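Protein chains in written order, with the authors' numbering: chain A, 2 to 750; chain B, 2 to 749. Backbone N, C-alpha and C define an ideal beta-carbon position, used for all residues, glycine too. This report concerns only the one structure given below.
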C-alpha cells in the first residue's frame, strides 16, 4: 500500500526491464547496484584487434581500452516481433535490443499480451552514434525502394514506432531526445500523458548502443571523459565520465489504476519537473547550477514532498571534477533544510557508466529498485569526498556500504536527477511503497506450481534454467502466481513444483492421454457417492463460494429448511442429504468450467446428471434444485423440465455418450436415466479425455497439482478460479527466452 | 473575442513563422495557399548537373526532376544567436534554418527579447537526412574533441536545445520524432505542457531539409513517390506523394494568458489527440483506417466540438492513390453526422509537397491562417475526385476556388490531421478567434509611425523595404503599434511615418542634437504661460489620466477647492488657475518622464520648480500642491518646504545647470528661484539636449511625431505610455533582417 496522501499526480512504476552492462536482468542490475561494483570491462589488445580497432589507435596512450558494454547486440528474435530475417538484418541494433527490453518490461508489468483494453504509449529515446551511420550508409545502396525501406527500418528515429507496431501498442508513440536526460524526459512525458489520460500504460526509457561493442574510447583533456576507465562520482579521484551502453524500459500506470488492478509497484513517481538552463550557465556543455536547483525545487514542490522526507537522491553523477560540486551545491540549495547528513547520495554511473539515453531510466530503475528493496546501496568507486564538496554541513551523506532504509525517513521518498548536455534538467521525486504482508513465518505453506511455457522446447529449457536464480531472489508463491496469471502461454509447457525447501521438481506428464479429444468431466450418482465432483477441494476457491452464494440466494426464496440454505456449512452435512450434494456438485462443476475453459463435455450418471445438465445450461437450475428436493425425500411424481439448449460452447453426456439434440426432447430416456440410480462407472472407450483425479488427493494442493498437469497438456487453465479470497500479490515472474538468431554488423571504414 | 466556452483546455497560436517552398514569410505562404500555387519547381538537366547530380542519374528515366525546396539553407546569421563562424559551419543546415524560423515565430508572437518572466518550452523535431550524414561524416576526423563537438552540434537531435540555448528559453525542451506527424505531435505535447503549467510559452515546430537542395528524386512502383513531380491529393490523376523541404514554428500559449496579455491570436487549439495505428494495418509503412478515425473522434471529443460545427479539415492528403480514399473514409466515418458537404477539405501538400516532419506544422499553420483570414483556400492540382471517393455521401467538398468562410459556421472551427508513416496519428481541433473590429469607421484621422530598428544600416534598409508588402497586407495602425511595443530595439533606427492613404514617408531626424548630452525637460514660468509642459497634447494619454486622477485624489482632502477638480475639466481653467496649471504640469511632466525613460533634467523658469521637484521627489507632491496653493493666494509669507531627498536619477536643474547638494538645503536659493526669469535658453551653453517640441503643433499626432524623432535619435521610448485607454491591438509587424552569411555545404 502507498500510505501517504494521494493527490492526482501519482504514477506507478509497474514493471522495469534493463539491458545495462553486466546487468542482463533486473536482478543482475540490482545485484551490481547493491554490491557496488563497476560494470566496465577492461579489454585486451587481441579483443580490440578482433573487434576491428587498429594498433595505430591501441598504441595511443589516450585510448582507454574500457567500455561498459552490452552482451547481445547482434541477437534478435525476428519472428517473435513480426520481422523477416531481411527486415531484422536491416534493423538498427538499438531497435532490436529495445524491442526485447520493451517486451521484457511489459512482461514484468504483467501485461505481456493483455494489451487490448489498455492504451499503451511508447515514449522511448535513443542516442545516435556515427558508427552505425558509417556502417549502414557505407553499404551499397542498390535501388531506391531498398533505400527508402532501409531509412524507415534502420534508423533510430523510428524506434518507438517499430516497438509499438510489433507490440501492438496504440497510444501516444513518441521518439524523444534530450541527450542525457532523454529517458527521464521520456518518463516525464509518459507521466504527463498518463495523468492527462491519453494512455493507460506507458513504456518509457531509452537506449544507447555504440555500434563498436568491445571497443575503447579516446580520452582527451578538452573533452570530459574518464582518463583511466572508471567513473568516480563525488570522489576525490574523479577522473571524468565513462560512456557505457544500456537500455532500460519502465512501464508506468496511474497509481489508482495500478492499485485497482493489483499490479506490483516498485515505486511511484510523485512529481516530475523538466526545465532547461538556457543561457544561465557558462557554455552549451556546461551544467547550470540555478537550472538544476530550480528543477529540484519544482519537482519537490510538484510532488508536495518536503525535502526533509527524502532519504536518497540518485544524482546525475557524471564523475567529472567540476560538475559534481555544482550538482551537490544545487542539491544543497534546493534542500534548504538545515538538517545535516540524512539523505543518501547515489550515482548509477559509478556502476554502469554514463549511458546517454538510458542514463535517466538507469537512475529511475535503480531508484525504484532502491525503494522496492528499501536498501540504500553503496556509491561505487568512492573513498574520499571531492575536496570542494561541503559534505558536512549538507543534507547528504554518501553511503560506502549497503544499508537498509533509515527508520526515521519513512515513507521512503527519493529523488532521481538527470541533467542533460543540452541543458534539459529532469528531476523526479519517487516514493517507495509499504511492503507486502507476508503472513507466513516460514511455516510449511504448500508446494506451489510454476507454469513455464515457451513456443519451443529449447526456450523452455532456458526458462527452466532461468527459474533457479529467480527462486534464489524471490519467494515461490508470488512467482508461481505471476507465472500462472500474468504470463502468456505458448505451445511447449512445463510445470515446476517448488516445496518449502527450494527444490524444483518437474511435474510429470499426464497418462492415458490421447491427442485431439474433447475434455469431459463425469459425475456419478450422488445417491451413493460422497465426493460432489471434488467440491471439498474447491471449498476454498472464492468462486465455488461465489456460486454457493448464488445458489443460496436462489434457494432462499425456493426452499424451507435452514440447513440447506446456509452457505459454507455443507461440509459437515454433506452425507446427510442429496440436495446438498447436488448444490455442491453444481458449484463444483461451475468452478470446473471456469477452470479449463476448454473443458467441453459434461457427463453424469444417475442423479448427478441433473447437476451436469443444470451446470451446462441444458436444463434450468430452478426445476433441477426443487426436483432434487423430491429426489431427496419423495421419489414420486417427477416433473421433467423444459428442454433448454446448453451454453453453446459446451455439451452434455450421459455416460460418455453425448445426449445432444438427437434425443433431448424425449421424456423417456431422461426418466429412465434418473429413476434408475445406478452410478455405474462410465465405459472404457469414449475417445475423449476425462478429468479424473488421482485417488491420493488428501491435501487440497494435489488438486492444484492435477490441474497443473492438465495445464501442461493442451488445456489453457484459468488459474484465477483456484485461489481463495485473499488473492496472492503478483510480483515478478520469468523473463521471456528469445530465440536469438544472429545478425552481424556490416563494418566498414 | 473568442465566443466559446473556457473549459481551461484551450491553447492559443499567438505567433507563427514558416520557411516553406516559395514561402519565405507567412504572407508568401498564405498567398501561395489562396492562389492554390503549386510550389514545386522543375529543373533542367544543366541546373541539376551543375548542382552536383550525376549525368547517369539525370538521364535515368526513373528520375523526376522536381523538388519543392527551401530558398537559403546555407544562409545564417551566426552572430545573432551566439555562434562563431566555424561553430555555425558545424551546425547542420536544419539548426541554422530553425534558429531563424524559431526566432521569427517568437518575434511574431511579440516575445522576442521578452521571455524573461515567461517559461518557454521548445518542442521541435527534425527528420534526419542520409545525405547530410554523408556530407558531415565524409569530412576527416582530424581530432577526437572536434568529433565530440561536431557530434553535439552537427546532429539534428540537439536542435531544440540549440534553439533554446540561443534564445534563452528555460522550459521543457524536447526533440521529437513521429514521422509525417512530428510537428503536430510536437504541437500536441507543447499544448499538454502548457495546459499542465510546465511552460507559459511553447515553440512547437519541425523541419526537413534534404540537403542536395535543387535536386530531383527517384520514383518507381513500390515507392509512394510521385511519377510526375506533382502532388495531387484526393485527385483522379493522383500519382503519388512529393517530398519537399520545409520548416515552420508556432508559438503557443494558454488562451487565458493570451487574452490577458493582449496577444494576437491566429487560432485556438481547443483539443488535440494522438494515437498510433499499432499493428492494426497491413504493414508498418501503410496507413490505418481505425487509427485515423479514432484520433479524429478523440480530438473532437476532447475539444468538446461536434463534428457538424467543423467548417474546414486540413487533411494529411499525401497524394497517393491508395491512402487518399483511406484518409477520406476515416474522416467520413469519424464525422458521424449525416449532413452533406458542409466542411471543406484541405491539403497543404498539394502546394508545398510532403514536407516531412514539418508537414504537421505546415497543416497547422495553414489551418490557423485559414481561421485567421476566414478564407477557405482551393486544393491545388484538383480537377476531378478519385474514383474511390464518395464526395456525394460525405460531409466534405473539395474547393476549387478560394471561398469565404461561410456563415452559419460561426465560430470557425477547423480540424488538422497529420498521419505519420510509423503509425502516429495526430488530429487537432482549431477554432478561429473573431475578426478585428476596425473601429476607424472608414475615416482619416492620423498618420502613424513605424519604428524600424536593426543592428546595422544594411539590415535597417532591408527592414525598411519589408514595409511595402507588409502595408499591402496589414493594417497600418496595428503594424505601427506592434512595432512600437512588441519589437526589440537596436542601435540603427528609422521611423517611417505612414499617412492614411498608406504612403510611406521616412521621418526626418533631429537636426540639432548632442550625443553625450543628457536629456532634459524644461518647463517655463507658470504665472505667465497659459501652456503647461505640452499637457494639452498629453491629455489623451492613459498614463496622464491615471496620474491626474491619483493626484486629484491626493488633492481634494486639503485643497479647500473652488470645486475645479476631478481632473477631467482642467482645460477649462487652464487660463486662470495657477493651482491647476501647476497640478496639470506635475501630471504632464511625470508622464513625459515615464514616456522617455532617459529623461534627466527638469529645469524651470520659476514656479516650474514645484512640478519639477514633484516628479523628481525632492519635495513631496502634497507639499508642492499646498505651497503652490499658497502661491496662488500669495498674501502670506513664502513657505520653505520639508526638503526631502531626491529620487535616483531624474536630477534637478534651474536653467540647465544641475544644482544639487550645494544650495539644495538652505533657503534663499528657493527665493531667487521662485522669483521668475522668463528666459528659455537660460543656461547659455551647457551641452544639454532638451525636449523643446517644434513650434508648430496642431494635429496632436505631431507630438507623437516628435517622440518618434526622439526615438530615432537614439533614446528608448515607452510607446505604451502615449496611447489612450483603448489600447491598439498587436499584430504581425516585421520579420527580423538576419545578416546572412553563406556557409557552404561540404562536398560529396
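Check whether residue i and residue j have beta carbons under 8 Å apart
i: residue 300 of chain A; j: residue 274 of chain A; result: yes
i: residue 286 of chain A; j: residue 428 of chain A; result: no
i: residue 232 of chain A; j: residue 320 of chain A; result: yes
i: residue 14 of chain B; j: residue 266 of chain B; result: yes
i: residue 204 of chain A; j: residue 125 of chain A; result: yes
i: residue 404 of chain B; j: residue 237 of chain B; result: no
i: residue 381 of chain B; j: residue 351 of chain B; result: yes
i: residue 498 of chain A; j: residue 448 of chain A; result: yes
i: residue 637 of chain B; j: residue 587 of chain B; result: no
i: residue 91 of chain A; j: residue 46 of chain A; result: no
i: residue 202 of chain A; j: residue 11 of chain A; result: no
i: residue 62 of chain B; j: residue 40 of chain B; result: no
Of the listed residues the options, nearest to residue i (C-alpha basis)
i: residue 53 of chain A; options: A/9, A/704, A/132 and A/32; result: A/132
i: residue 365 of chain B; options: B/118, B/748, B/253 and B/210; result: B/253
i: residue 709 of chain A; options: A/727, A/638 and A/597; result: A/597
i: residue 738 of chain A; options: A/462, A/111, A/336 and A/408; result: A/462
i: residue 183 of chain A; options: A/208, A/470, A/108 and A/204; result: A/208
i: residue 607 of chain B; options: B/654, B/23, B/81 and B/589; result: B/654
i: residue 425 of chain B; options: A/749, A/88, A/122 and A/71; result: A/122
i: residue 707 of chain A; options: A/69, A/495, A/583 and A/310; result: A/495
i: residue 633 of chain B; options: B/617, B/563, B/679 and B/622; result: B/563
i: residue 347 of chain B; options: B/334, B/372 and B/323; result: B/372
Integer-rounded CB distance, given that residue j should sit under 8 Å from residue i
i: residue 65 of chain A; j: residue 220 of chain A; result: 5 Å
i: residue 244 of chain B; j: residue 354 of chain B; result: 6 Å
i: residue 212 of chain B; j: residue 94 of chain B; result: 6 Å
i: residue 268 of chain A; j: residue 433 of chain A; result: 5 Å
i: residue 181 of chain A; j: residue 357 of chain A; result: 6 Å
i: residue 626 of chain B; j: residue 640 of chain B; result: Contact flag wrong, Cβ pair sits at about 12 Å.
i: residue 454 of chain B; j: residue 493 of chain B; result: 7 Å
> According to a CB-to-CB cut-off of less than 9 Å, which residues of the region 77-106 of chain B neighbour chain A?
Replying inline: 83
> Does the region 723-734 of chain B touch the region 479-488 of chain B, meaning 3 or more C-beta pairs lie closer than 8 Å?
Replying inline: Contact holds: three or more Cβ-Cβ distances are below 8 Å.
> Three or more beta-carbon pairs under 8 Å between the region 158-175 of chain A and the region 268-284 of chain B, yes or no?
Replying inline: yes
> If you measure beta-carbon to beta-carbon, which residues of the region 192-208 of chain B are closer than 7 Å to chain A?
Replying inline: Within the region 192-208 of chain B, the qualifying residues are 193, 197 and 199.
> Any residues in the region 283-307 of chain B with a beta carbon nearer than 7 Å to a beta carbon of chain A? Which ones, in chain order?
Replying inline: 285, 286 and 292
> What residues in the region 16-46 of chain B have a beta carbon less than 9 Å from any beta carbon of chain A?
Replying inline: none
>> Count Cβ pairs between the region 150-160 of chain B and the region 211-229 of chain B that sit closer than 8 Å; are there 3 or more?
In response: no
> Going along the region 175-187 of chain A in order, which residues come within less than 7 Å of chain B, judged by CB to CB distance?
Replying inline: 175, 176, 177, 178, 179, 180 and 186
> Listed in chain order, which residues of the region 160-174 of chain B have Cβ atoms closer than 7 Å to some Cβ of chain A?
Replying inline: 162, 165, 166, 169, 170, 171, 172, 173 and 174
> Does the region 707-722 of chain B come close enough to the region 671-686 of chain B to have 3 or more Cβ pairs within less than 8 Å?
Replying inline: no
> Using Cβ-Cβ distances below 7 Å, what residues of the region 130-145 of chain A are close to chain B?
Replying inline: 131, 134, 135, 138 and 145
> Should the region 336-350 of chain B be regarded as contacting the region 384-396 of chain B, the criterion being three or more beta carbon pairs within less than 8 Å?
Replying inline: yes
> Which residues, taken in chain order from the region 262-279 of chain B, show a beta carbon closer than 9 Å to some beta carbon of chain A?
Replying inline: 274, 275, 276, 277, 278 and 279
> When Cβ atoms are compared, which residues of the region 407-424 of chain B fall closer than 9 Å to chain A?
Replying inline: 421, 422, 423 and 424
>> Below 8 Å, how does it come out for the region 70-87 of chain A and the region 739-746 of chain A: are there three or more Cβ pairs, yes or no?
In response: yes
> Listed from N- to C-terminal order along the chain, which residues in the region 214-244 of chain B have their beta-carbon within a distance smaller than 7 Å of any beta-carbon of chain A?
Replying inline: 219, 221, 223 and 224
>> Check whether the region 664-677 of chain A and the region 502-517 of chain A touch, using three or more Cβ-Cβ pairs below 8 Å as the test.
In response: no
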